[PDB]
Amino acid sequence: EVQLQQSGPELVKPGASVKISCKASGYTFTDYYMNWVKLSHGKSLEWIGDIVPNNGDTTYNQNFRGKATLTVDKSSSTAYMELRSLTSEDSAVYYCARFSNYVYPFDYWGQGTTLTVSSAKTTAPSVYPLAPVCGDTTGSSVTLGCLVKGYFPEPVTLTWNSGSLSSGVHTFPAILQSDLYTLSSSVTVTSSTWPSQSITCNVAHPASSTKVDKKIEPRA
């Protein structure tokens, strides 16, 4: 029942700083070190450093000296990491993890905090319905699409028919273009299913507080 609760996602501008938190529970906080680990998909997993909660003594990976500062509030069982002078290279998921000493494993991890470092502005998506060419389908199944263009930051959530249509769905990872994100999704149903039944692409973008529910209609 050891739990490490980390703060939520962050979007910051290049050159700024960010401070993230990790609140521990379910054990004596001062008996273990708290660690931070970076997950990027250009450098995989890297250990940043550790901190002794009783006295605040820190040990850093030299690669993160200057970049990261570890602090603790032992009264609230909370560990903090401040990341400074931010660049796009710092965009990553950061984890807190405890060990009893560095020769021992990271036996419990936080859920991770996602950091986005970018100059792009928070922007709601355009959501475009993709109906088959006005001459489809020519078979037993029909494929429909949803194109979610020009949003920032990640993530969006996408469902079909509010999640009721979950089989036959492919939702593709978002890609940057004109450094805004674009994502697409497809759904395949029997030809007897559409257009006789309504199919709707439901897109939510938490960062812009926007939801779009786009019905896929036959092309004119």
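The first residue of the sequence shown is number 1, and the count goes up from there.
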{"property": "Greater mean Cα temperature factor according to the PDB record, 131 to 139 or 84 to 92", "result": "131 to 139"}
{"property": "Given 188 to 196 and 172 to 180, the range whose Cα B-factors average higher in the PDB entry", "result": "172 to 180"}
{"property": "Top residue by Cα temperature factor, when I48, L45, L165, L158 are compared in the entry", "result": "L165"}
{"property": "Cα B factor band for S75 (lowest, middle or highest third within the chain)", "result": "highest"}
{"property": "Relative C-alpha B-factor of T210, binned into the chain's lowest, middle or highest third", "result": "lowest"}
{"property": "CA B-factor ranking of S25, expressed as a third of its chain", "result": "highest"}
{"property": "Chain-wide C-alpha B factor ranking for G110, given as lowest, middle or highest third", "result": "middle"}
{"property": "Third of the chain, ranked by Cα B-factor, where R65 sits", "result": "highest"}
